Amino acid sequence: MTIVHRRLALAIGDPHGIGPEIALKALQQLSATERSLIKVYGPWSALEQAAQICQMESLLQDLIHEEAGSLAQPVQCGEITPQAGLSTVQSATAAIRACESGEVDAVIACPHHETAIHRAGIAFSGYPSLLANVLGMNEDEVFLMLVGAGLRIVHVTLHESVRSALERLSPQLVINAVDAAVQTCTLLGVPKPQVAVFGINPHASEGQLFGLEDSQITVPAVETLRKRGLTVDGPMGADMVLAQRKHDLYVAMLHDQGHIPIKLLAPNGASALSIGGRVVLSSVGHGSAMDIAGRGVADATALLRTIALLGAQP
């Protein structure tokens, strides 16, 4: 029945795509108490436009809203414009800032459009980067946790070469990833998670038979984490520990380790959470669907599920 148990910022994404409309449909389906926990970031004009089209004007009065990504002309649904690109980023930036300040506890971004953003002259390569930039952090102090099919997997490294990732790995980097992911687990409604750390090398180096990295990196880090009072197994061969399927959070050393399981088991319904400082940002997992914008064919299921995920009860 009730899926929102905390304060959330909802950025409406590209004001020309389906974001505004699915934002309205999602809020519609919530109770009044739930609506008052969701603060919406975007141009009012886009939500007004969307509301006209969907015949949901009565909903706009009950909306907590902060203007962001104001446009200089009316909304043109379905058009890829530099303006809507700037809007998108301005909206997500204001949502993120509200999370950073403590006004909300997590962020959801509705679908952007990469081309719209590029044509505005703005570099954008994903939510992990955007979040890093906005919070004044290096991109490797923001981590991606994939969630799907009961698996939660945080990545100690991400979009770089295997060699570069290996060169970056340190006991402290693993610890930062776990800390950030454990906090995120609390949000997702698992206060005391059972954690498994993947091995850098096959079979977690098998002692030191298949490299020194694990004895230098994952083994010390696990020890420090146990000492701080966490329930951590490993390191263990990723293949082996995932198979057991008895942990609430897995810690993957490399992109592929985490991404393969998630995409294989949850190919149509996974959430990608960017975690940095106190900020948890998730997307909706789908594009802006320009050709159906304002055409009343998009439903809010994926958004609602994302809300359910970040909005779970302690």
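Here the rigid core means the biggest group of C-alpha atoms that line up within 1.5 Å when the two forms are laid on top of each other. Counting begins at 1, following the sequence as shown.
108 to 116 against 157 to 165 - segment lying farther from this form in 6 other deposited structures of this protein (CA RMS, rigid core fit): Once the core is superposed, the stretch further away in 6 other deposited structures of this protein is 157 to 165.
Core-aligned Cα RMS comparison in 6 other deposited structures of this protein - stretch that moves more, 256 to 264 or 37 to 45: Output: 256 to 264, the stretch lying farther off on average in 6 other deposited structures of this protein.
Stretch exceeding the other in mean C-alpha B-factor - 171 to 179, 156 to 164: The stretch with the larger mean CA B-factor is 171 to 179.
80 to 88 set against 183 to 191, stretch whose average Cα temperature factor tops the other in the entry: The stretch with the larger mean CA B-factor is 183 to 191.
Among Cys110, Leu242, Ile117, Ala95 - the residue whose C-alpha B-factor is largest in the record: Answer for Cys110, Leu242, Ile117, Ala95: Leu242, with the highest C-alpha B-factor.
Identity of residue with top Cα B-factor, from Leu225, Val147, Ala106, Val197: Answer, based on the entry's C-alpha B-factors: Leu225.
Modelled-residue ranking by C-alpha temperature factor, third containing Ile18: Its C-alpha B-factor belongs to the middle third of this chain's values.
Record-listed C-alpha B factor of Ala72: chain third: Answer is highest: the recorded C-alpha B-factor places it there.
Ranked C-alpha temperature factor of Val280 among modelled chain residues, by third: Lowest third - that is where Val280 ends up once the chain's C-alpha B-factors are sorted.
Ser274 - which third its CA temperature factor falls in, relative to the rest of the chain: For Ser274, the deposited C-alpha B-factor lands in the lowest third.
Ranked C-alpha temperature factor of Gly136 among modelled chain residues, by third: For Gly136, the deposited C-alpha B-factor lands in the highest third.
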